[PDB]
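Inspection log for the structure reproduced underneath, given as structure tokens.
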Amino acid sequence: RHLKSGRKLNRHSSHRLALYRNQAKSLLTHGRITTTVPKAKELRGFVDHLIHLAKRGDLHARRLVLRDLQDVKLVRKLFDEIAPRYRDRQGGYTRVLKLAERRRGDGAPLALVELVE
Amino acid sequence: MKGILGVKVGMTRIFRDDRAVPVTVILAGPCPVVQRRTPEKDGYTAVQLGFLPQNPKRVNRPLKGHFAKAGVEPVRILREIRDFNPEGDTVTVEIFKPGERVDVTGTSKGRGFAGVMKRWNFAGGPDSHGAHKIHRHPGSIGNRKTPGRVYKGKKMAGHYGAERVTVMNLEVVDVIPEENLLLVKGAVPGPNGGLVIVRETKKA
Amino acid sequence: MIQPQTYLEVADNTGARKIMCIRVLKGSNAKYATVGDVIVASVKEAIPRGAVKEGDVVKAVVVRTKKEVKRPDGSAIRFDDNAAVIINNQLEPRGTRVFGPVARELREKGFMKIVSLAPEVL
Amino acid sequence: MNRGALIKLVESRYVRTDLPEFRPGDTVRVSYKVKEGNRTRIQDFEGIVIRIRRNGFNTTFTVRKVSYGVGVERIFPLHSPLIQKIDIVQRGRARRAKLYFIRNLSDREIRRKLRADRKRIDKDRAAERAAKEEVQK
Amino acid sequence: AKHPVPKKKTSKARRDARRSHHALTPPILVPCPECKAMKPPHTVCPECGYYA
RNA sequence: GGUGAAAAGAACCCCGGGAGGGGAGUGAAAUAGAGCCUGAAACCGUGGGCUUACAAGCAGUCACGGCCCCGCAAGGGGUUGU
RNA sequence: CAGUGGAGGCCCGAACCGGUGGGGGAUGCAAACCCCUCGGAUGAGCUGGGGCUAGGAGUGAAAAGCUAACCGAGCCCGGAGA
RNA sequence: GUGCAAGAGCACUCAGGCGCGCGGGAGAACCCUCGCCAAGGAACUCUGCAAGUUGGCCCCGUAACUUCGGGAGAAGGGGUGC
RNA sequence: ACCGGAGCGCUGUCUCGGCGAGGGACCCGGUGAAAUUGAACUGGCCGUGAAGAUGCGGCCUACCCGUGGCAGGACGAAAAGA
RNA sequence: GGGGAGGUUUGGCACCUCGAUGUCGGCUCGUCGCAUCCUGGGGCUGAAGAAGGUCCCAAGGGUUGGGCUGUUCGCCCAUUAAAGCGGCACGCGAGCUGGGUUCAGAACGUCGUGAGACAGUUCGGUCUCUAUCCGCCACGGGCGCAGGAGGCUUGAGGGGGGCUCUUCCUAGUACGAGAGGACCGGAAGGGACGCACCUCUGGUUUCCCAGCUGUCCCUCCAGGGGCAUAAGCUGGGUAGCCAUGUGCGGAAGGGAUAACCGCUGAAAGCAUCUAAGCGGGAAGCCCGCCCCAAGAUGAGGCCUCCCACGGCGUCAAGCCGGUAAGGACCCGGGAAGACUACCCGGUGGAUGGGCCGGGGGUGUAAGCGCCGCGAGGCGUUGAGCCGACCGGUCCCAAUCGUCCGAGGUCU
Numbered sequence: 002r003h004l005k006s007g008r009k010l011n012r013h014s015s016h017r018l019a020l021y022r023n024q025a026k027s028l029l030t031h032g033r034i035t036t037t038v039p040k041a042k043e044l045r046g047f048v049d050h051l052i053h054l055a056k057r058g059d060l061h062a063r064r065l066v067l068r069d070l071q072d073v074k075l076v077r078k079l080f081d082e083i084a085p086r087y088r089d090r091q092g093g094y095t096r097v098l099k100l101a102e103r104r105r106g107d108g109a110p111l112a113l114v115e116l117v118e
Numbered sequence: 001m002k003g004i005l006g007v008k009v010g011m012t013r014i015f016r017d018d019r020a021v022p023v024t025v026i027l028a029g030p031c032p033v034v035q036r037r038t039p040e041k042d043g044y045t046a047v048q049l050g051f052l053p054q055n056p057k058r059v060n061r062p063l064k065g066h067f068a069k070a071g072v073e074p075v076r077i078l079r080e081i082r083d084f085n086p087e088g089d090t091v092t093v094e095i096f097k098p099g100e101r102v103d104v105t106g107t108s109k110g111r112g113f114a115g116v117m118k119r120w121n122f123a124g125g126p127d128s129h130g131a132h133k134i135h136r137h138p139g140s141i142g143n144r145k146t147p148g149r150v151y152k153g154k155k156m157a158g159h160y161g162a163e164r165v166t167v168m169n170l171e172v173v174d175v176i177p178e179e180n181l182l183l184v185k186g187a188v189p190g191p192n193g194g195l196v197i198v199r200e201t202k203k204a
Numbered sequence: 001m002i003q004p005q006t007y008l009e010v011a012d013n014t015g016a017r018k019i020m021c022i023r024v025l026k027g028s029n030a031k032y033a034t035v036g037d038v039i040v041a042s043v044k045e046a047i048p049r050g051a052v053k054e055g056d057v058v059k060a061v062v063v064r065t066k067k068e069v070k071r072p073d074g075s076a077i078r079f080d081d082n083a084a085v086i087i088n089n090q091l092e093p094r095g096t097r098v099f100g101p102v103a104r105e106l107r108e109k110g111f112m113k114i115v116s117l118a119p120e121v122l
Numbered sequence: 001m002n003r004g005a006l007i008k009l010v011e012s013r014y015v016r017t018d019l020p021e022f023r024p025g026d027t028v029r030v031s032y033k034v035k036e037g038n039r040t041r042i043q044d045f046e047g048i049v050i051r052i053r054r055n056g057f058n059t060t061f062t063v064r065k066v067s068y069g070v071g072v073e074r075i076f077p078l079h080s081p082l083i084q085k086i087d088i089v090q091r092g093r094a095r096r097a098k099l100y101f102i103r104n105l106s107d108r109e110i111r112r113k114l115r116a117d118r119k120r121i122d123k124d125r126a127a128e129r130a131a132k133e134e135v136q137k
Numbered sequence: 002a003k004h005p006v007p008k009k010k011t012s013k014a015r016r017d018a019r020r021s022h023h024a025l026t027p028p029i030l031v032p033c034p035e036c037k038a039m040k041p042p043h044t045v046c047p048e049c050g051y052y053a
């Protein structure tokens, strides 16, 4: 019997690892994102790390966040806009509002991933 | 028939004189005698201990009359030690001198819908030379025509864990009145943060 | 943890230089053995004109092992090899000068000469 | 109740202090309490530390030597009332937490894989003999 | 086809019997403050929105 | 193989992207609406009456009772509890 | 003897040709498959194209194998409603 | 195209072309495929079936027997990177 | 890639199993088969009967309806016994 | 020489089954029988003691690992308290194997001119993904339990468990010429199996940390990412799940007994364990232990909370909207789990996510500076990285709300 631990996912190791990244990239571009409750709830955590990481400055943190996302120009958008707006706010750099419309032809539940303002 | 409730905080080990005593930790934070049972009007004897304080928010239930009847701060849980009548107050850990042996019940780790190999330490099959569709299979279950049924309770694949269990004759190793903790011998069912009753032992 | 088939050494000037286990004397059907436990075993090699010959079905006590014993004091101990000293049925060690580390356990099991003679009971 | 951990540290009073620091990869001996019949010893166990695994209480290092031709590995809880001394005997540059590998080349191959942290030694001879002057005069 | 197969056509009464809990429980909804419209509980839905 | 006496093969409106229906209209007949005369049985459904959750079965059948139903009345049917 | 020399139903190993062992597959992806391993791999090699040989007949490094997915005698029609 | 003694090998990758025409989640047993393992090391079992060890190159070195070709990659062992 | 005996190496073959990964299984949405099927309102035992009974007899236990699993029975399916 | 019993053996008869009832042996899973292999209890003895022989009681439990063999069997080896026997379609192929055997190839001895044949041998040879019903192991939904609720319980009735070795004291005492060597009671260890546990030991730990090759890539150096498996590879690993690892249990004791040992005592002036009465006596039976359990339709009990009609039905049970206790919905989640159920929690909130501290794991990041032609090395450094575990923090997320649910029959 499994799960006595704590975590979720569907996909293999290196897929899901990319998944979170191809979501981060979108999240950190469109600001609002609308996938499935699970992915969403997972995106949640992931980016929160980076954001909180970008709330720090030194070039090391940058390279460390630049390790997930890849566009060196996106990371600029992070340390040159986002995080600066998250000072005086410790943690909770995201929000996951669940929409009430499912996808047609797989009855998938949906939601939102918002950079909290 | 002494008896006190608690939880399973966690377990490590100590050193008695110079030998190592692997201990587990139980918690008998003062327990309120909530109701008793006189054969006079119950059919037997037993004292129901309550446990773990509680804001009168989830207590909104009619249990509040029940506590207010027994002048008892509104707890969260309560069960019956058999024939354990102390005195008009409440039971600490002062009940168990260090050294005394205790019987310890508790609910086991739920191991989901487990396999035969797991449930009943069955044998299943050979990882090897044939079949490769039975390696954790039960095997045969019955006989040919006669009987033609299967024995009620033939060890098969089901749920393993989440059942009431007791473990007995345990050496209470130390008792911490100062902060209500109970040292035992280590092997005690249930996970951490787990509810468990403890009572004097069956030795004589 | 030595079990029936396992290759032990010979912590002594007995004659054998390597024996396989044959049966664990312990219970009527114990799974294994450990330092201080006895086993019937077979000699799979021996120095020429040794007191013991090859093929000799011997009784040997374990001195060392590759699976750590647990000391009631929470400690442990494990050697780099499974070893044995061969013994006259009275459980008296057959070699003269034994050699090779051994386990404190033996001292509680009637086997003085093994550890008396032994260099370093550890 | 809010402190599932601090409850066992309430137990924690069976914990030592005087014992020196000794990260894994340096030769250290440890005088050990044993029973030779009905008396008590101080068995000098001197060897290289092969693995420390931590847990506040019940945390164990494991030493390793080569007693008379053959090699051994005793275990030692870091808080066992059965350890009189524990004079380390030479710091060592380790470069890895659990050094099991030394099993298959304990010899004149080891003497080139664990030189010595000429770094921690500095601290020692300094702190030691320098704390003396603050305890003497 | 292979090994296990039905030994008997399933009596309609037993088929319609196995259906017992087929029925689907209609979606749970509640009016919302924003509009007089219907929403599922804990869901952001059109003709409305929210607050931050 | 089959509408119909005749295409008179359903204008227009309505919902619907369509399919498809609802009114209006044609026709003696549209439950003759187009694979459409007749429309059987299996089989699938919706509403109603009776009936079932301590009960053991080739399912029917005697016997009585309750309920529901046509009938002045006596009676007849449907169901089925024992 | 050394050098050169570059023979071989020689050697390792792709393509290609096989199908040994095991696992899967068994209303299969498949009326013969999938994976791991394995055999030959300049020869009695493999293969495209154009051609000839067939029913008691052919072909056959021989199993009674093959001859249009069941060959101790093909398939279709026919005597035949044996 | 680059790297490995070489290569149509392998790994990654050009130009090019695809993600295999059901998706969503949950992370029970059980099956497949797969990775690891304490101590033992064929006790398994009809059988080391399977799996595992070994592997490339260069070097040292190589038994019986022999048709004097072979046995030979016998066996065992060292080196490899920067 | 014949069949047999043993020895070294090495191993989940085994003692003895454990944990982990992925594809199914499982839950939701779309799609939606199959052999089989006298009819079923299909329990246990000891009998009994064409001699191996849910269906006869006596006795016993059984509230109705299912979902995931096991494969003992329905002399289960399959093929008018090789 | 006689009489049986059983229905495990070899047969006999040919009754069901040839529009199919898959045969040997093993693995798995067993269950039952007693005619008992062991352990417990007895009678006798050609029983000193110890040991053993035989009969009796007794299934509760246990009944080993290998060598050979297709084997069942048996032989052997090392043990053991013992290494029991049989039933169950020679239990078990819709559970597995396929060595054996009964296919087509092939050969050997062999009979046969022969084609072929052989309870003679030898090599090889295709065991079918999908369970309707019963039975079974698990989990639910509906209804029930004559007010409706929340919580705690009684245990009818079931199940589980049940084993057993060695050693020291009593004592080297009774015993015996000695060797040998006890009853009895007492004490400490061990095997195997069971249950639970993760503290230690020890495994996994799938992207927790680092190391490495090749490659392509961002961005040229440093720094990094993809891929090499669905982890590229190697070293290492908390939580969790785990066994080799840790704790526990098999009892004690009460009662009724088996064989058996006995008190009193006739029938029958004695005697008799018996026909009246009574007592002692097994690991077995009944409690005891653990778990299941009021669908215990015979539906229990205990404490506490809510409490008339608000409208149609005159008479009758009913019927309708709102309500009380409270329950449910939904959402957030759990060492709960397939689903469902179960459990905590839901802004009065720490419920996950985040953030921080601690734990723990990796083992001195990046950058910069110093040294070396250089690969590197040294420091700043136990640094940087840092899932699960232990706590805190309302930053994000369980906001708002809907439905349901008493009106309490009769004697």
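Protein chains in written order, with the deposited numbering: chain AL17, 2 to 118; chain AL03, 1 to 204; chain AL14, 1 to 122; chain AL19, 1 to 137; chain AL32, 2 to 53. No residue lacks a Cβ here, since even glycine has one placed at the ideal position from N, Cα and C.
CB contact check: residue i to chain AL14, cutoff 7 Å
i	result
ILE75 (chain AL19)	yes
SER31 (chain AL19)	no
Contact with chain AL03 by residue i, beta-carbon distance below 7 Å
i	result
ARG2 (chain AL17)	yes
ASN2 (chain AL19)	no
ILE52 (chain AL19)	no
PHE45 (chain AL19)	no
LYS8 (chain AL19)	yes
Contact list for residue i against chain AL03, beta-carbon separation under 7 Å
i	result
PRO81 (chain AL19)	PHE15, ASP18
C-alpha gap between residue i and residue j, whole angstroms
i	j	result
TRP120 (chain AL03)	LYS133 (chain AL03)	20 Å
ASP18 (chain AL19)	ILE86 (chain AL19)	10 Å
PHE45 (chain AL19)	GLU9 (chain AL14)	24 Å
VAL89 (chain AL19)	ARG71 (chain AL14)	25 Å
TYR51 (chain AL32)	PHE84 (chain AL03)	58 Å
Chain AL19 contact residues for residue i, given Cβ-Cβ distances below 7 Å
i	result
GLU120 (chain AL14)	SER67, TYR68
Where residue i meets chain AL17, residues with beta-carbon distance less than 7 Å
i	result
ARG111 (chain AL03)	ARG2
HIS43 (chain AL32)	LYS99
Per-residue contacts from residue i into chain AL17 (C-beta, under 8 Å)
i	result
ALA114 (chain AL03)	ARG2
Nearest neighbour of residue i, chosen from the options [CA to CA]
i	options	result
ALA19 (chain AL17)	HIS53 (chain AL17), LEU44 (chain AL17), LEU111 (chain AL17), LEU54 (chain AL17)	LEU44 (chain AL17)
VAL23 (chain AL03)	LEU183 (chain AL03), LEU195 (chain AL03), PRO39 (chain AL03)	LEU183 (chain AL03)
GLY93 (chain AL17)	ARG105 (chain AL17), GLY7 (chain AL17), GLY46 (chain AL17), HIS31 (chain AL17)	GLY46 (chain AL17)
Below-7 Å beta-carbon distance, residue i vs any chain AL19 residue
i	result
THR12 (chain AL03)	yes
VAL196 (chain AL03)	no
Chain AL17 contact for residue i (CB, 7 Å cutoff)
i	result
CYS46 (chain AL32)	yes
Residues that residue i contacts on chain AL19, provided the C-beta gap is smaller than 8 Å
i	result
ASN192 (chain AL03)	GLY4
Amino acids of chain AL03, ordered along the chain, whose beta-carbon sits closer than 9 Å to that of residue i
i	result
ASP80 (chain AL14)	Near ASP80 (chain AL14) there are no residues of chain AL03 at all, since even the closest Cβ is about 26 Å away, more than 9 Å.
message: With three or more beta-carbon pairs closer than 8 Å as the criterion, would you say the region 58-70 of chain AL14 touches the region 33-46 of chain AL14?
response: Segments in contact, yes.
query: Does the region 89-101 of chain AL19 come close enough to the region 10-28 of chain AL19 to have 3 or more Cβ pairs within less than 8 Å?
result: By the criterion of at least three beta-carbon pairs nearer than 8 Å, the region 89-101 of chain AL19 is in contact with the region 10-28 of chain AL19.
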